[PDB]
């Protein structure tokens, strides 16, 4: 039995019909579905332990459960210390925290920030805000012949002015896996800091922050089987220690006087106000769930699905597939594409009639799409609960859609 076959019973949302057909959820790059383990953890907390994180029993229970999550996350990405993990609402907030706390205070006029043409808006806009306020300037790494990170071009962008390199780990559109470790090596040699947007890798790819040696890394819980409302920032302790606080308020202080306040120690320093307690505990359950399956196992299964998907799409003559072909190596378990003479919106709408859920649009990578004159694109994205049978249903619906518009 496939990995999916063994866990699909864990996801109640998968067992339903859409427009008369069984749901085929292929929009996992947008957000993931949740297993009972996660939902029951959420319900159990609210029905038995809910209290702020105290002398009374409920507070003790809520506090123990909540505090246990940080090390689960630290171990999940192999962080040196849980003190290097900061909870946020989502990855976007995590990137903004770095931009506002570190960026606004460490970048001066003329300083260069190297990013890529494929970035998600959340790892671009914050930097455009920083640039506008500090005078820093942005440079963009182009795509290579395999529609992936152009490492040689990246090398040409490095200079004495390079102070920050912020790049997506795995593209939510192209699906290319960027050379995070080597990028960090080259950046550090140039004297720059490196932030890695791992929203698409954290849920599908084994992560080792000590190995890639990134200075910061961000991820969103909703894409890795956790509820929305929780994400996290990973930052080298020394860097977070030097960075000034961002949000101010309860819980992030040590002492407060009318005339001044002192900041608390890491990681509390960056977490203001009552945390998303239940959501954090659920994230811990998500991490536990994924670790039990094994990230290497999840990845191996996705690789199999990825080859099947691309092989099937490659046989449809009207299709243009974006990003590197699986044959060349590791890539995301997704496929973005366009059908000649047919707008992606029509493709997405029609397959939905067969119960297939895919996404059309620019996937929050408008500059990338505009750069190659693509009026958005259709994207089918997988997770470990998807099957080859579902991919076939999708391919059949797509072929039918093409017939309809022919």
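Numbering follows the first chain given and starts at 1.
In this entry, no coordinate-free residues of the deposited sequence separate residue 39 from residue 40. Averaged over Cα atoms, the B-factor as recorded in the entry is higher for 16-24 than for the other of 386-394 and 16-24. The mean Cα B-factor in the deposited entry runs higher for 104-112 than for the other of 191-199 and 104-112. Note on the listed residues 219, 184, 73, 125: the highest Cα temperature factor in the record is that of 184.
Among 223, 169, 133, 120, the highest C-alpha B-factor recorded in the PDB entry belongs to 133. Among all modelled residues in its chain, residue 361 ranks in the lowest third by Cα B-factor.
Residue-level temperature factors show residue 93 in the lowest third of its chain, judged at the C-alpha atom. In the PDB entry, a CA B factor belonging to the highest third of its chain's modelled residues is recorded for residue 157. Residue 261: CA B factor in the highest third of modelled residues in this chain (values from the PDB entry). Sort the modelled residues of the chain by CA B factor and residue 322 lands in the lowest third.
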